[PDB]
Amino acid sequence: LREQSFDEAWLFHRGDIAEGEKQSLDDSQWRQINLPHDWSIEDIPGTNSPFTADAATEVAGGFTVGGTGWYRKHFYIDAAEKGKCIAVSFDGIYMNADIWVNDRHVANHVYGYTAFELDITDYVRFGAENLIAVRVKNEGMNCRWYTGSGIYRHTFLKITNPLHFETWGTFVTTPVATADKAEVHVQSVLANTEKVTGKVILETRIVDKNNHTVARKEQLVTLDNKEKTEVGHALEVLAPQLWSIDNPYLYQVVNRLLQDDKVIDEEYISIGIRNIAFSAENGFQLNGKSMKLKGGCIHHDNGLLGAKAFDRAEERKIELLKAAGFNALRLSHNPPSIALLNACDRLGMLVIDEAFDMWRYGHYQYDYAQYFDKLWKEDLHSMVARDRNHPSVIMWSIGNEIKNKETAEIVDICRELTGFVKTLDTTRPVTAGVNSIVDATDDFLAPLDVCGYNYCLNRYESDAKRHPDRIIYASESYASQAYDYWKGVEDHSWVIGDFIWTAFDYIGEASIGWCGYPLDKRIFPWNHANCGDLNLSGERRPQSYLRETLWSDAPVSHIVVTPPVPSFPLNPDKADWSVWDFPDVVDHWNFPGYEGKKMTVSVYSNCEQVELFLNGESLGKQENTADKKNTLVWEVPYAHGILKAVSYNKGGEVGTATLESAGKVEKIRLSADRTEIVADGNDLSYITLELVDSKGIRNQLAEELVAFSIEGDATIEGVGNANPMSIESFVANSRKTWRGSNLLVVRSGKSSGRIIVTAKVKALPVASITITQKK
């Protein structure tokens, strides 16, 4: 095979160790792991938690620990592959990685969010066993959010002929893309290693979802004496299936190098044929259709999985966000895994790809800013060249909240970075996330095609009169001001979308959704941000309910209650500008000891009128006028029972929403998102546990220790809950529930069969669920 997975059968040693790169090192005592891997999500050795209040990351990393780590792997290469080029590909190593092959140092990679490929042909032994050793150094406070540590993304082993397609050298564009026909331009770079000449035939083939050839082109390429030969031609596709959010149809481009009727090299690229256009008068247009960007910002971690970027974990995040109403995502503030972009291609999710969070001036003393002047070309090239073939990517972002933006020195860097992107891709606009915009920022915003405003709703109309051609989107918005921020999008054609901070909760930058700024080390055990539309487990939070009233065509109504005591202790020193926090509300109706006491009940609705009932008794009908911002409020004395909301449009009942008090816990409820997984060693199954009453209602007061056990060829990759102040272990067989729920992830084995997951709670019957492996 030309390209195979390399994640299997690695060795790991936490901490530094002498001669860790030597073949003479005895590694039989090392832990055997299968990538992806993140050692910062595992427990600190000697303790039972991955958090510590004395951590070098503090609030930024959620009080986690990095340090030094070593990876080793023994791999055999056949003697028949002699003369072939051998390359190891890493999609991401965080951070400061050094790689040895057979005792010899190969290269060093600093940036932990970019992919890189190493040619080890001059280091390998054919017909024998080889050794690759990687040292990871994630030391000090280098990031404002949780990063993880180690080889947290997929690795690949590439074996090609000396004459082969260069990595990321093929760029597929669709200059013409209409429902009648489409022109597909394929530009490729032939790596002429050994500098041999002759004639090669380039065969390009476009196949549909059924692998049926729709267009084929053959070109004779006379090989130059140089090591690189640029080739290209265009193909026509009749009546194409246009890629969109509702029809994410993907084609496949098959490029083949033929010589003497033999296949020298062969590559496959998934493409989506679509047309994107940006303007101030008509906003964003996809295939000629005008639409707003219903966007949200996400970070790279996967909660209980740390930074481990499993294909299923990345895909599930897109599936959940798409079900919540999002059609666009801002990847803050770094390149993602390839698995996440593949999921956006297959599911229909627009994406802003962002390169850096800092430039020459950084946030801490030991961050990427100290290397920026030497490495920004390599890392910016890595993002664009790797991801320019994805139809989901609609924008390249070169920075977020850049310091000294109005300074001429930084303005010049913005022009230099913009021009570098345009040497690689001119089909997508260049953008950036800019905060605290003043009139003097015009020189910084001028090189950009589209401008991303960070929390600057007040300048939408004023800057339009000064620059009537400037295109604007809210690159970051507050959850507490969701109504006003989205109204600024609907009222203006040059404001094309809004990206909530955040759409998915994350580890690090802790309690910005509760305690907020200024960030203080005293807030331990806070470790979640508590600012996402979805919590760490993937469940919708109340702010997601309000956002649905803004984005849904259908009638929507949701009932929430203000708790009598704050869910978490308050911060009396919260700044007057840190308003990422949403009002403290819950979606249950169990308040023992407060019977007869007045509760604040809120209904988020997009309907004209809502009438609230408590156990059949009407509490009054209210008009959903514009001043209420889709929030209708009632004062209700507490009583165990049913809260009923009836919605009306044009005087007719259109929907009913209920919130019922839970009884005492009597059963465990298990539900897996997928009960049929692939026995490949990397597929996942997300199992949700709930403590429910006799009627299946989740009791949100239940917080019990659950003991999990597994039977079969499978493993528990992690456990967790949505408690933002929890210091519980993620890599363990037990986990407490929070608000009557916790989450468990099962990793498949490599034998086909059945998997029995067992959950045990004090005073309840044992519960089980059966999941099947295949192949």
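We number the residues from 1 along the sequence you see.
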Looking only at C-alpha temperature factors in the entry, 418 to 426 or 437 to 445, the higher average sits in 437 to 445
Avg C-alpha B-factor, entry values, 198 to 206 vs 681 to 689, higher side is 198 to 206
Reading the B-factor column for Cα atoms of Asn721, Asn48, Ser734, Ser40, the highest value belongs to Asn48
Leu250, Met95, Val106, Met291, ranked by C-alpha B-factor: the highest one | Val106
If you rank every modelled residue in this chain by C-alpha B factor, which third holds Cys515: lowest, middle or highest?
-> highest
Within this chain, which third does the Cα B-factor at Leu11 fall in: lowest, middle or highest?
-> highest
C-alpha B factor of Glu717, ranked within the chain: lowest, middle or highest third?
-> lowest
Relative to the other modelled residues in the chain, which third contains the C-alpha temperature factor of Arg747: lowest, middle or highest?
-> middle
Check where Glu378 lands among this chain's C-alpha B-factors and tell me if it's the lowest, middle or highest third.
-> middle
